[PDB]
>>> print(open('final-v3.pdb').read())   # PDB, C-alpha atoms
ATOM      1  CA  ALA A   1     132.170 159.089  47.409  1.00  0.00           C
ATOM      2  CA  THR A   2     134.019 156.286  45.577  1.00  0.00           C
ATOM      3  CA  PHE A   3     133.414 152.592  46.307  1.00  0.00           C
ATOM      4  CA  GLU A   4     135.727 150.010  44.790  1.00  0.00           C
ATOM      5  CA  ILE A   5     133.940 146.650  44.630  1.00  0.00           C
ATOM      6  CA  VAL A   6     136.380 143.735  44.284  1.00  0.00           C
ATOM      7  CA  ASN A   7     135.513 140.080  43.627  1.00  0.00           C
ATOM      8  CA  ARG A   8     138.205 137.950  45.238  1.00  0.00           C
ATOM      9  CA  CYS A   9     135.959 134.852  45.085  1.00  0.00           C
ATOM     10  CA  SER A  10     136.986 132.048  42.730  1.00  0.00           C
ATOM     11  CA  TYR A  11     133.512 132.251  41.176  1.00  0.00           C
ATOM     12  CA  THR A  12     131.723 135.018  39.260  1.00  0.00           C
ATOM     13  CA  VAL A  13     129.399 137.276  41.250  1.00  0.00           C
ATOM     14  CA  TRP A  14     127.048 139.952  40.066  1.00  0.00           C
ATOM     15  CA  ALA A  15     127.515 142.980  42.318  1.00  0.00           C
ATOM     16  CA  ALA A  16     124.505 145.175  43.101  1.00  0.00           C
ATOM     17  CA  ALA A  17     124.264 148.675  44.585  1.00  0.00           C
ATOM     18  CA  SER A  18     120.961 150.299  45.482  1.00  0.00           C
ATOM     19  CA  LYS A  19     119.365 152.648  47.944  1.00  0.00           C
ATOM     20  CA  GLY A  20     116.059 150.793  47.779  1.00  0.00           C
ATOM     21  CA  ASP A  21     114.144 153.052  45.416  1.00  0.00           C
ATOM     22  CA  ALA A  22     116.927 153.724  42.901  1.00  0.00           C
ATOM     23  CA  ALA A  23     120.162 152.268  41.558  1.00  0.00           C
ATOM     24  CA  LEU A  24     123.472 153.550  42.898  1.00  0.00           C
ATOM     25  CA  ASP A  25     125.678 154.308  39.902  1.00  0.00           C
ATOM     26  CA  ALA A  26     124.828 151.672  37.273  1.00  0.00           C
ATOM     27  CA  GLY A  27     123.142 149.454  39.922  1.00  0.00           C
ATOM     28  CA  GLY A  28     124.785 146.168  39.002  1.00  0.00           C
ATOM     29  CA  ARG A  29     127.559 144.519  37.044  1.00  0.00           C
ATOM     30  CA  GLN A  30     129.151 141.139  36.458  1.00  0.00           C
ATOM     31  CA  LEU A  31     132.496 140.676  38.276  1.00  0.00           C
ATOM     32  CA  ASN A  32     134.614 137.736  37.253  1.00  0.00           C
ATOM     33  CA  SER A  33     137.142 136.377  39.757  1.00  0.00           C
ATOM     34  CA  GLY A  34     139.633 139.190  40.405  1.00  0.00           C
ATOM     35  CA  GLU A  35     137.675 141.972  38.719  1.00  0.00           C
ATOM     36  CA  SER A  36     137.150 145.372  40.354  1.00  0.00           C
ATOM     37  CA  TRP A  37     134.323 147.792  39.710  1.00  0.00           C
ATOM     38  CA  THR A  38     134.538 151.419  40.868  1.00  0.00           C
ATOM     39  CA  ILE A  39     131.262 153.244  41.458  1.00  0.00           C
ATOM     40  CA  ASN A  40     130.420 156.755  42.526  1.00  0.00           C
ATOM     41  CA  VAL A  41     127.838 157.301  45.241  1.00  0.00           C
ATOM     42  CA  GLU A  42     126.362 160.764  45.688  1.00  0.00           C
ATOM     43  CA  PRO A  43     127.178 162.493  49.009  1.00  0.00           C
ATOM     44  CA  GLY A  44     124.336 162.437  51.491  1.00  0.00           C
ATOM     45  CA  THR A  45     123.126 159.015  50.308  1.00  0.00           C
ATOM     46  CA  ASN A  46     121.138 157.438  53.127  1.00  0.00           C
ATOM     47  CA  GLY A  47     120.395 153.723  53.382  1.00  0.00           C
ATOM     48  CA  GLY A  48     122.599 152.490  50.537  1.00  0.00           C
ATOM     49  CA  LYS A  49     123.463 148.801  50.281  1.00  0.00           C
ATOM     50  CA  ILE A  50     125.918 146.731  48.261  1.00  0.00           C
ATOM     51  CA  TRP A  51     125.645 142.963  47.915  1.00  0.00           C
ATOM     52  CA  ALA A  52     126.692 140.090  45.706  1.00  0.00           C
ATOM     53  CA  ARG A  53     124.368 137.924  43.663  1.00  0.00           C
ATOM     54  CA  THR A  54     125.243 134.325  42.720  1.00  0.00           C
ATOM     55  CA  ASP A  55     124.365 132.037  39.802  1.00  0.00           C
ATOM     56  CA  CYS A  56     122.762 134.638  37.560  1.00  0.00           C
ATOM     57  CA  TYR A  57     121.585 134.336  33.962  1.00  0.00           C
ATOM     58  CA  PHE A  58     120.808 137.511  32.037  1.00  0.00           C
ATOM     59  CA  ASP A  59     119.778 138.070  28.433  1.00  0.00           C
ATOM     60  CA  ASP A  60     121.024 140.865  26.167  1.00  0.00           C
ATOM     61  CA  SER A  61     118.471 143.278  27.671  1.00  0.00           C
ATOM     62  CA  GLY A  62     119.754 142.800  31.266  1.00  0.00           C
ATOM     63  CA  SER A  63     116.776 140.727  32.377  1.00  0.00           C
ATOM     64  CA  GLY A  64     117.108 137.360  34.018  1.00  0.00           C
ATOM     65  CA  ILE A  65     117.358 135.562  37.376  1.00  0.00           C
ATOM     66  CA  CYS A  66     119.890 134.963  40.192  1.00  0.00           C
ATOM     67  CA  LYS A  67     119.787 132.274  42.868  1.00  0.00           C
ATOM     68  CA  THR A  68     120.747 134.678  45.650  1.00  0.00           C
ATOM     69  CA  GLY A  69     120.134 138.403  45.873  1.00  0.00           C
ATOM     70  CA  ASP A  70     117.915 138.755  42.789  1.00  0.00           C
ATOM     71  CA  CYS A  71     116.511 142.323  42.502  1.00  0.00           C
ATOM     72  CA  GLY A  72     113.367 141.760  40.427  1.00  0.00           C
ATOM     73  CA  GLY A  73     115.217 140.017  37.642  1.00  0.00           C
ATOM     74  CA  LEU A  74     117.396 142.978  36.558  1.00  0.00           C
ATOM     75  CA  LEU A  75     121.134 143.127  36.018  1.00  0.00           C
ATOM     76  CA  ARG A  76     121.016 146.785  37.037  1.00  0.00           C
ATOM     77  CA  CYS A  77     119.316 146.763  40.431  1.00  0.00           C
ATOM     78  CA  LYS A  78     116.884 149.539  41.347  1.00  0.00           C
ATOM     79  CA  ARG A  79     115.475 147.765  44.410  1.00  0.00           C
ATOM     80  CA  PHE A  80     116.993 145.601  47.132  1.00  0.00           C
ATOM     81  CA  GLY A  81     117.717 141.949  46.542  1.00  0.00           C
ATOM     82  CA  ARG A  82     115.996 138.762  47.645  1.00  0.00           C
ATOM     83  CA  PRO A  83     117.573 137.063  50.722  1.00  0.00           C
ATOM     84  CA  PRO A  84     119.916 135.469  51.505  1.00  0.00           C
ATOM     85  CA  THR A  85     122.311 138.426  50.988  1.00  0.00           C
ATOM     86  CA  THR A  86     125.259 139.479  53.087  1.00  0.00           C
ATOM     87  CA  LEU A  87     124.841 143.289  53.194  1.00  0.00           C
ATOM     88  CA  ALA A  88     127.290 146.163  53.176  1.00  0.00           C
ATOM     89  CA  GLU A  89     125.246 149.093  54.474  1.00  0.00           C
ATOM     90  CA  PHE A  90     126.036 152.770  54.597  1.00  0.00           C
ATOM     91  CA  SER A  91     124.708 156.256  55.189  1.00  0.00           C
ATOM     92  CA  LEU A  92     127.017 159.039  54.035  1.00  0.00           C
ATOM     93  CA  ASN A  93     127.455 162.668  55.196  1.00  0.00           C
ATOM     94  CA  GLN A  94     124.968 162.412  58.056  1.00  0.00           C
ATOM     95  CA  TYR A  95     125.727 165.485  60.165  1.00  0.00           C
ATOM     96  CA  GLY A  96     129.360 165.343  59.137  1.00  0.00           C
ATOM     97  CA  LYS A  97     129.821 161.569  59.583  1.00  0.00           C
ATOM     98  CA  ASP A  98     129.621 158.399  57.487  1.00  0.00           C
ATOM     99  CA  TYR A  99     128.175 155.230  59.072  1.00  0.00           C
ATOM    100  CA  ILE A 100     128.986 151.756  57.743  1.00  0.00           C
ATOM    101  CA  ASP A 101     128.145 148.234  58.815  1.00  0.00           C
ATOM    102  CA  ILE A 102     127.796 144.683  57.604  1.00  0.00           C
ATOM    103  CA  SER A 103     124.496 142.974  58.289  1.00  0.00           C
ATOM    104  CA  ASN A 104     123.332 139.316  58.370  1.00  0.00           C
ATOM    105  CA  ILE A 105     119.743 140.431  59.098  1.00  0.00           C
ATOM    106  CA  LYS A 106     118.775 139.312  55.596  1.00  0.00           C
ATOM    107  CA  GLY A 107     120.921 136.174  55.725  1.00  0.00           C
ATOM    108  CA  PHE A 108     124.341 135.408  54.266  1.00  0.00           C
ATOM    109  CA  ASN A 109     125.456 134.364  50.832  1.00  0.00           C
ATOM    110  CA  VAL A 110     129.034 135.545  50.168  1.00  0.00           C
ATOM    111  CA  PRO A 111     131.770 136.506  52.706  1.00  0.00           C
ATOM    112  CA  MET A 112     132.583 140.189  52.689  1.00  0.00           C
ATOM    113  CA  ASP A 113     135.036 142.819  53.956  1.00  0.00           C
ATOM    114  CA  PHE A 114     133.824 146.451  54.046  1.00  0.00           C
ATOM    115  CA  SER A 115     136.743 148.846  54.720  1.00  0.00           C
ATOM    116  CA  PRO A 116     137.544 152.543  54.184  1.00  0.00           C
ATOM    117  CA  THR A 117     140.321 153.397  51.763  1.00  0.00           C
ATOM    118  CA  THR A 118     140.788 156.837  53.403  1.00  0.00           C
ATOM    119  CA  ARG A 119     141.933 157.488  56.960  1.00  0.00           C
ATOM    120  CA  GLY A 120     140.064 157.733  60.217  1.00  0.00           C
ATOM    121  CA  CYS A 121     138.101 154.540  60.951  1.00  0.00           C
ATOM    122  CA  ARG A 122     138.389 150.764  60.803  1.00  0.00           C
ATOM    123  CA  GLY A 123     136.773 148.236  58.523  1.00  0.00           C
ATOM    124  CA  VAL A 124     134.372 145.369  59.339  1.00  0.00           C
ATOM    125  CA  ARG A 125     134.326 141.847  58.028  1.00  0.00           C
ATOM    126  CA  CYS A 126     132.198 138.703  58.041  1.00  0.00           C
ATOM    127  CA  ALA A 127     134.321 136.002  56.405  1.00  0.00           C
ATOM    128  CA  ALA A 128     133.337 132.832  58.263  1.00  0.00           C
ATOM    129  CA  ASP A 129     131.929 129.793  56.486  1.00  0.00           C
ATOM    130  CA  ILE A 130     128.332 130.537  57.413  1.00  0.00           C
ATOM    131  CA  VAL A 131     126.948 128.628  54.434  1.00  0.00           C
ATOM    132  CA  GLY A 132     128.811 125.436  55.328  1.00  0.00           C
ATOM    133  CA  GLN A 133     127.827 125.664  59.017  1.00  0.00           C
ATOM    134  CA  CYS A 134     124.243 126.922  58.340  1.00  0.00           C
ATOM    135  CA  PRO A 135     121.580 125.209  60.474  1.00  0.00           C
ATOM    136  CA  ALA A 136     119.448 122.792  58.491  1.00  0.00           C
ATOM    137  CA  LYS A 137     116.241 124.826  58.685  1.00  0.00           C
ATOM    138  CA  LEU A 138     117.939 128.032  57.439  1.00  0.00           C
ATOM    139  CA  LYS A 139     119.721 126.519  54.421  1.00  0.00           C
ATOM    140  CA  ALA A 140     118.538 127.971  51.174  1.00  0.00           C
ATOM    141  CA  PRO A 141     118.363 125.505  48.241  1.00  0.00           C
ATOM    142  CA  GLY A 142     119.721 128.148  45.860  1.00  0.00           C
ATOM    143  CA  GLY A 143     122.757 128.538  48.095  1.00  0.00           C
ATOM    144  CA  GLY A 144     123.260 130.722  51.111  1.00  0.00           C
ATOM    145  CA  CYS A 145     121.959 130.705  54.665  1.00  0.00           C
ATOM    146  CA  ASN A 146     118.652 132.491  55.279  1.00  0.00           C
ATOM    147  CA  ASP A 147     117.842 134.589  58.322  1.00  0.00           C
ATOM    148  CA  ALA A 148     115.081 133.309  60.596  1.00  0.00           C
ATOM    149  CA  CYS A 149     112.678 136.150  59.781  1.00  0.00           C
ATOM    150  CA  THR A 150     112.734 135.289  56.077  1.00  0.00           C
ATOM    151  CA  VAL A 151     112.146 131.597  56.814  1.00  0.00           C
ATOM    152  CA  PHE A 152     109.587 131.665  59.648  1.00  0.00           C
ATOM    153  CA  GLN A 153     107.878 135.122  59.445  1.00  0.00           C
ATOM    154  CA  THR A 154     107.220 135.507  63.200  1.00  0.00           C
ATOM    155  CA  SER A 155     107.018 138.712  65.193  1.00  0.00           C
ATOM    156  CA  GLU A 156     109.984 137.537  67.297  1.00  0.00           C
ATOM    157  CA  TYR A 157     112.390 136.854  64.406  1.00  0.00           C
ATOM    158  CA  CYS A 158     111.258 139.889  62.380  1.00  0.00           C
ATOM    159  CA  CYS A 159     111.091 142.187  65.462  1.00  0.00           C
ATOM    160  CA  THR A 160     107.794 143.507  64.149  1.00  0.00           C
ATOM    161  CA  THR A 161     106.644 144.938  67.487  1.00  0.00           C
ATOM    162  CA  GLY A 162     109.975 146.666  68.134  1.00  0.00           C
ATOM    163  CA  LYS A 163     110.529 144.295  71.029  1.00  0.00           C
ATOM    164  CA  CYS A 164     112.440 141.117  70.302  1.00  0.00           C
ATOM    165  CA  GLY A 165     115.400 139.314  71.765  1.00  0.00           C
ATOM    166  CA  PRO A 166     118.248 137.273  70.298  1.00  0.00           C
ATOM    167  CA  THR A 167     117.262 133.764  69.227  1.00  0.00           C
ATOM    168  CA  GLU A 168     118.983 130.457  68.607  1.00  0.00           C
ATOM    169  CA  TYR A 169     119.181 131.445  64.954  1.00  0.00           C
ATOM    170  CA  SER A 170     120.468 134.978  65.470  1.00  0.00           C
ATOM    171  CA  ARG A 171     123.151 133.663  67.868  1.00  0.00           C
ATOM    172  CA  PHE A 172     124.438 131.344  65.150  1.00  0.00           C
ATOM    173  CA  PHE A 173     125.160 134.288  62.849  1.00  0.00           C
ATOM    174  CA  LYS A 174     126.573 136.275  65.765  1.00  0.00           C
ATOM    175  CA  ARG A 175     128.885 133.433  66.867  1.00  0.00           C
ATOM    176  CA  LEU A 176     130.469 133.192  63.402  1.00  0.00           C
ATOM    177  CA  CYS A 177     130.429 136.954  62.613  1.00  0.00           C
ATOM    178  CA  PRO A 178     130.425 139.095  65.770  1.00  0.00           C
ATOM    179  CA  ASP A 179     131.004 142.332  63.815  1.00  0.00           C
ATOM    180  CA  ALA A 180     127.829 141.993  61.721  1.00  0.00           C
ATOM    181  CA  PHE A 181     124.246 142.673  62.782  1.00  0.00           C
ATOM    182  CA  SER A 182     122.541 139.370  63.585  1.00  0.00           C
ATOM    183  CA  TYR A 183     119.018 140.598  64.304  1.00  0.00           C
ATOM    184  CA  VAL A 184     117.136 143.897  64.200  1.00  0.00           C
ATOM    185  CA  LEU A 185     117.894 144.962  67.775  1.00  0.00           C
ATOM    186  CA  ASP A 186     121.424 143.626  67.966  1.00  0.00           C
ATOM    187  CA  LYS A 187     123.927 145.782  69.860  1.00  0.00           C
ATOM    188  CA  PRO A 188     125.039 147.971  66.927  1.00  0.00           C
ATOM    189  CA  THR A 189     128.273 147.208  65.145  1.00  0.00           C
ATOM    190  CA  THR A 190     128.122 150.369  63.042  1.00  0.00           C
ATOM    191  CA  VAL A 191     131.440 152.106  62.418  1.00  0.00           C
ATOM    192  CA  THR A 192     131.593 155.914  62.332  1.00  0.00           C
ATOM    193  CA  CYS A 193     133.932 157.275  59.657  1.00  0.00           C
ATOM    194  CA  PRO A 194     134.698 160.883  58.673  1.00  0.00           C
ATOM    195  CA  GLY A 195     132.145 162.392  56.313  1.00  0.00           C
ATOM    196  CA  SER A 196     133.076 161.841  52.646  1.00  0.00           C
ATOM    197  CA  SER A 197     135.314 158.818  53.233  1.00  0.00           C
ATOM    198  CA  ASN A 198     135.905 156.361  50.379  1.00  0.00           C
ATOM    199  CA  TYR A 199     135.531 152.596  50.660  1.00  0.00           C
ATOM    200  CA  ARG A 200     136.289 149.158  49.248  1.00  0.00           C
ATOM    201  CA  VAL A 201     133.958 146.172  49.426  1.00  0.00           C
ATOM    202  CA  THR A 202     135.797 142.882  48.896  1.00  0.00           C
ATOM    203  CA  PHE A 203     133.865 139.660  48.326  1.00  0.00           C
ATOM    204  CA  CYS A 204     135.677 136.554  49.638  1.00  0.00           C
ATOM    205  CA  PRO A 205     138.370 138.615  51.382  1.00  0.00           C
ATOM    206  CA  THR A 206     140.125 135.508  52.688  1.00  0.00           C
TER     207      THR A 206
END
>>> encode(input="final-v3.pdb", output="structure tokens")
Amino acid sequence: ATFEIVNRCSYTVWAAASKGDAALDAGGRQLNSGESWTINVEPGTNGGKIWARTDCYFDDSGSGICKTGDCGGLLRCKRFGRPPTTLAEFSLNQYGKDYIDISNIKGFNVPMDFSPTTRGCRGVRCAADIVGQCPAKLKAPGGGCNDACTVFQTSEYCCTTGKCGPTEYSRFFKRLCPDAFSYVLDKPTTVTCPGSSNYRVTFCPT
């Protein structure tokens, strides 16, 4: 499957693509404002994520640090990134279907649109100013708006027992971005697309 990753932000981002134990395609790349990066994702990929990283410094060997979304200091991510990270999530060719969603479960750093470029399903978007509106206790100094599980590490926010409800913090993310997951047991906002669809992830779509 092809993913086109487009940076419409006025600032540079470092895109990342991983399935948690391996890079997807090259795993990461710098995207200046306006740049597009096309990656190929193997069919059947389960649990892939794409996210943006902000304020990165990397040396010639691809080693460095980012203020949001850092994946163990590598330009080319093999693992998932440190919150806060707005997440495009996907599982492809699962019994004939693709499933896509945007998640705020690991916080929010950059607004995002996640849309198919082939026919047969709709896209999802979280483009509100969550960082500007972020509650004081969730604000991350590096930038971004953390989720409550990251900040407070309780069974309720992290849903560790498999029973948890919405919270004041999850409802904040949900109020600004209803089409993104706001906590682990949120009513799902997954979209079902035809198997082997292609997609575009746009940072700062508005």
>>> resolve_selection(input="final-v3.pdb", expression="the PyMOL selection byres ((chain A and resi 191) around 9)", output="short mmCIF file (atom, residue, chain, number, x, y, z; two decimals) with C-alpha atoms, in the frame of the given file")
data_model
loop_
_atom_site.label_atom_id
_atom_site.label_comp_id
_atom_site.auth_asym_id
_atom_site.auth_seq_id
_atom_site.Cartn_x
_atom_site.Cartn_y
_atom_site.Cartn_z
CA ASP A 98 129.62 158.40 57.49
CA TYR A 99 128.18 155.23 59.07
CA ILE A 100 128.99 151.76 57.74
CA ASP A 101 128.15 148.23 58.82
CA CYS A 121 138.10 154.54 60.95
CA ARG A 122 138.39 150.76 60.80
CA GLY A 123 136.77 148.24 58.52
CA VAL A 124 134.37 145.37 59.34
CA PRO A 188 125.04 147.97 66.93
CA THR A 189 128.27 147.21 65.14
CA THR A 190 128.12 150.37 63.04
CA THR A 192 131.59 155.91 62.33
CA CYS A 193 133.93 157.28 59.66
#
>>> resolve_selection(input="final-v3.pdb", expression="the PyMOL selection byres ((chain A and resi 159-172) around 7)", output="VMD selection string")
chain A and resid 148 155 to 158 173 to 176 182 to 184
>>> closest_residue(input="final-v3.pdb", among="A:12, A:196, A:63, A:103", to="residue A:40", atoms="all atoms listed in the file")
A:196
>>> resolve_selection(input="final-v3.pdb", expression="the PyMOL selection byres ((chain A and resi 198) around 12)", output="ChimeraX atom specification")
/A:1-5,38-43,90,92-93,98-100,114-121,123,193-197,199-201
>>> residues_around(input="final-v3.pdb", residues="residue A:147", least_positions_apart="3", cutoff="6 Å", atoms="only C-alpha atoms", output="list in words")
residues 106, 107 and 150 of chain A
>>> closest_residue(input="final-v3.pdb", among="A:34, A:83, A:96, A:205", to="residue A:139", atoms="only C-alpha atoms")
A:83
>>> atom_distance(input="final-v3.pdb", atom1="atom CA of residue A:128", atom2="atom CA of residue A:144")
12.5 Å
>>> residues_around(input="final-v3.pdb", residues="residue A:68", least_positions_apart="2", cutoff="12 Å", atoms="all atoms listed in the file", output="count of residues only")
36
>>> build_atoms(input="final-v3.pdb", residues="stretch 128-162 of chain A", atoms="N, CA and C atoms", output="short mmCIF file (atom, residue, chain, number, x, y, z; two decimals), in the frame of the given file")
data_model
loop_
_atom_site.label_atom_id
_atom_site.label_comp_id
_atom_site.auth_asym_id
_atom_site.auth_seq_id
_atom_site.Cartn_x
_atom_site.Cartn_y
_atom_site.Cartn_z
N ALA A 128 133.48 134.21 57.84
CA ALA A 128 133.34 132.83 58.26
C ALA A 128 132.54 132.03 57.25
N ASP A 129 132.64 130.70 57.38
CA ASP A 129 131.93 129.79 56.49
C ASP A 129 130.51 129.57 57.01
N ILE A 130 129.71 130.63 56.94
CA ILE A 130 128.33 130.54 57.41
C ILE A 130 127.50 129.60 56.56
N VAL A 131 127.74 129.54 55.24
CA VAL A 131 126.95 128.63 54.43
C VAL A 131 127.23 127.18 54.82
N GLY A 132 128.51 126.82 54.99
CA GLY A 132 128.81 125.44 55.33
C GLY A 132 128.26 125.03 56.69
N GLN A 133 128.26 125.96 57.65
CA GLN A 133 127.83 125.66 59.02
C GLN A 133 126.32 125.92 59.23
N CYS A 134 125.62 126.42 58.22
CA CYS A 134 124.24 126.92 58.34
C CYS A 134 123.32 125.85 58.95
N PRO A 135 122.52 126.19 59.93
CA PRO A 135 121.58 125.21 60.47
C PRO A 135 120.64 124.73 59.40
N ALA A 136 120.24 123.45 59.53
CA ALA A 136 119.45 122.79 58.49
C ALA A 136 118.20 123.59 58.09
N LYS A 137 117.48 124.16 59.06
CA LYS A 137 116.24 124.83 58.68
C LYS A 137 116.46 126.17 58.00
N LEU A 138 117.66 126.74 58.08
CA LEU A 138 117.94 128.03 57.44
C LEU A 138 118.60 127.89 56.07
N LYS A 139 119.01 126.68 55.69
CA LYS A 139 119.72 126.52 54.42
C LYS A 139 118.82 126.85 53.25
N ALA A 140 119.30 127.63 52.37
CA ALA A 140 118.54 127.97 51.17
C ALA A 140 118.95 127.05 50.03
N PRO A 141 118.00 126.45 49.32
CA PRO A 141 118.36 125.50 48.24
C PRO A 141 119.23 126.15 47.18
N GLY A 142 118.93 127.40 46.82
CA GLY A 142 119.72 128.15 45.86
C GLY A 142 121.15 128.43 46.29
N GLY A 143 121.48 128.13 47.53
CA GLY A 143 122.76 128.54 48.10
C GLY A 143 122.53 129.63 49.15
N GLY A 144 123.44 129.71 50.09
CA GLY A 144 123.26 130.72 51.11
C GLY A 144 122.54 130.19 52.34
N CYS A 145 122.50 131.05 53.34
CA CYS A 145 121.96 130.71 54.66
C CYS A 145 120.97 131.82 55.00
N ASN A 146 119.68 131.48 55.00
CA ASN A 146 118.65 132.49 55.28
C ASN A 146 118.66 132.93 56.74
N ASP A 147 118.19 134.16 56.96
CA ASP A 147 117.84 134.59 58.32
C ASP A 147 116.51 133.98 58.74
N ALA A 148 116.27 133.98 60.07
CA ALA A 148 115.08 133.31 60.60
C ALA A 148 113.80 134.07 60.27
N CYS A 149 113.88 135.40 60.12
CA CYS A 149 112.68 136.15 59.78
C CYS A 149 112.18 135.76 58.39
N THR A 150 113.09 135.75 57.42
CA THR A 150 112.73 135.29 56.08
C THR A 150 112.08 133.92 56.09
N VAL A 151 112.66 132.97 56.83
CA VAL A 151 112.15 131.60 56.81
C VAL A 151 110.80 131.48 57.53
N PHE A 152 110.70 132.02 58.75
CA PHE A 152 109.59 131.66 59.65
C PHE A 152 108.53 132.75 59.80
N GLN A 153 108.85 134.01 59.48
CA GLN A 153 107.88 135.12 59.44
C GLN A 153 107.11 135.28 60.77
N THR A 154 107.83 135.26 61.89
CA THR A 154 107.22 135.51 63.20
C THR A 154 107.58 136.90 63.68
N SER A 155 106.74 137.40 64.60
CA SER A 155 107.02 138.71 65.19
C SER A 155 108.36 138.71 65.92
N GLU A 156 108.72 137.59 66.56
CA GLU A 156 109.98 137.54 67.30
C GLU A 156 111.19 137.62 66.35
N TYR A 157 111.19 136.83 65.27
CA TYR A 157 112.39 136.85 64.41
C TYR A 157 112.47 138.16 63.62
N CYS A 158 111.32 138.69 63.20
CA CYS A 158 111.26 139.89 62.38
C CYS A 158 111.23 141.16 63.22
N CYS A 159 111.07 141.04 64.54
CA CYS A 159 111.09 142.19 65.46
C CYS A 159 109.99 143.18 65.12
N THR A 160 108.85 142.66 64.70
CA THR A 160 107.79 143.51 64.15
C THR A 160 107.20 144.45 65.19
N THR A 161 107.21 144.07 66.46
CA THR A 161 106.64 144.94 67.49
C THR A 161 107.67 145.90 68.04
N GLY A 162 108.92 145.85 67.58
CA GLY A 162 109.98 146.67 68.13
C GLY A 162 110.53 146.11 69.42
#
